[PDB]
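Breakdown of the fold
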Amino acid sequence: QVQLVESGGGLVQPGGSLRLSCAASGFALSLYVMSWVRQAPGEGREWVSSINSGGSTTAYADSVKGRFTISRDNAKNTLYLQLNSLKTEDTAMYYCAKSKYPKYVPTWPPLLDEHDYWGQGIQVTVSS
Amino acid sequence: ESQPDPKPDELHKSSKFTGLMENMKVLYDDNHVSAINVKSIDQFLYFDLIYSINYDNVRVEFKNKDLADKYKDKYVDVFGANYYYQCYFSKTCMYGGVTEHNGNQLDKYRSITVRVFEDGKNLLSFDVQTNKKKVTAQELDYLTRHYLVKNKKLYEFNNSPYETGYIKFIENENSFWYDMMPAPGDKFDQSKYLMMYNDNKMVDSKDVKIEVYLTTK
């Protein structure tokens, strides 16, 4: 059965760095575009970043471009996010999201609704 | 007879395809179907066979009933490029890729040396390998493109460094070829492209030669 479990994240001062990890099981990561999405307090889901199956192509939201880095390791079935130069606005639950479409990419960057499984999420807090 | 080689403007031009070449690339990346010595366990339509290859149900589609009838409940090897998007079934889909197992196995692998041309010039050769006396053109095509994607960026996320490409198989006097580039426009339909393999075309692995002809932009 498909599972995504986020780990890492945590608490840091503004300007600091954190890292997120997502362990995938019950499917081959290599078939799927993978994304990070976040939900800040009193907000809807926000797309953060996506990476294609190969690893060659990444995309980022404007708000995080240059500060965050998405990467993947298909052999270990893991997705990563490096969060640098953190701001209070980055405080949120972060979720690893799997494309609904194996071996196919209708849209780039992917739309929020083009994912069909999410993990429980991992908290990132930039303490004010 | 032998297929006439491509005419002047017969080959698809990659610059006229404006969608994501990623959808072609992913067909010739690491993921593919390969099964040794299996027998069909179900059938949906009368021109397909379903195999169990954890185990997924793989629907193998042929061009007609005669081919499905030939291989139904025969022990085979299956090898090919599979797709998921709009895979019609009732899981993954493919076309052809089926060879009788018994009597077709080699003690030692056979190597076939692909000759690659760019704008008419041979810059590169490399080997693909198979254990099969009679092998699908699909299998050899996949192995050839797999190498070229990895090493020559044949297909990239957005487009290709090449304007045209065809792969040519030569068996003695006779030859035939496949266009390696997507049809023009903003959409690439994987199921339509891959249907070229539904004839289950086979070649002799000792006699076949492979030539790939690419043009640059």
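Residues numbered from 1 in each chain as written, not as in the entry; some residues may be left out. Chains lettered and ligands numbered in written order. Heavy atoms only, no water.

What the entry reports as its method is X-ray crystallography, with 1.59 Å given for the resolution.

1. Focus on the nonpolar core
Ranked by size, the top nonpolar core spans 43 residues in total, and within it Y28, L140, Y155, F169, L194 and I210 of chain B carry the most contacts. Contributing elements (two or more residues each) for this core: strand 5 (92-95), strand 7 (105-118), strand 8 (121-132), helix 3 (137-152), strand 10 (162-171), strand 11 (174-179), helix 4 (190-194) and strand 13 (208-216) of chain B. Sorting elements by how many residues they give to this core places helix 3 of chain B first, with five residues. No fewer than three residues from each of domain 1 (14-29 + 103-216) and domain 2 (33-100) of chain B sit in this core. When residues no more than four places from it in sequence are discounted, the contact partners of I210 of chain B are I112, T113, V114, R115, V128, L140, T144, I167, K168 and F169 of chain B. Within the second largest apolar cluster, 33 residues are counted, among which are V12, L29, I51 and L79 of chain A. (Core = buried A, V, L, I, M, F, W, Y, C linked by side-chain atoms within 4.5 Å. Buried < 20%, exposed > 50% of the residue type's maximum accessible area, 1.4 Å probe, protein only. Helix = DSSP H or I, 4+ residues; strand = E, 2+ residues; numbered from the N terminus. Domains from an automatic or database assignment. Contact = heavy atoms within 4.5 Å.)

2. With respect to the state of the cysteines
The final tally for this structure, using the stated rule, is one disulfide over all chains. In this model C22 of chain A remains outside any disulfide bridge; the closest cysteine sulfur is found in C96 of chain A, 3.0 Å from its own. (Disulfide = S-S within 2.5 Å.)

3. Digging into the UniProt feature "disulfide bond" in chain B
UniProt's annotated cystine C87 of chain B-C93 of chain B is reproduced in these coordinates, with an S-S distance of 2.2 Å, under 2.5 Å. Here the two residues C87 of chain B and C93 of chain B agree in accessibility, since each one is buried. (UniProt positions renumbered as here; feature names shortened; annotations may be inferred.)

4. Brief notes about the pattern of salt bridges
Opposite charge on two side chains permits them to pair, given that their charged atoms come into close proximity. Taken as a whole, this structure holds 16 salt bridges over all chains when the rule is applied. Measuring nitrogen to oxygen at the nearest pair gives 3.3 Å for the salt bridge that ties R59 of chain B to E61 of chain B. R59 of chain B gets classed as buried once you look at its relative accessible area, which sits at 2%. Between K134 of chain B and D204 of chain B there is a salt bridge, with the nearest N and O atoms lying 2.9 Å from each other. Of this pair, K134 of chain B sits in strand 9 (residues 134-136) while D204 of chain B sits in strand 12 (residues 202-204), placing them 70 residues apart in sequence. If you follow the salt bridges from partner to partner, you end up with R38, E46, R67 and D90 of chain A in one network. (Salt bridge = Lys/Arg side-chain N within 4 Å of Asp/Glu carboxyl O.)

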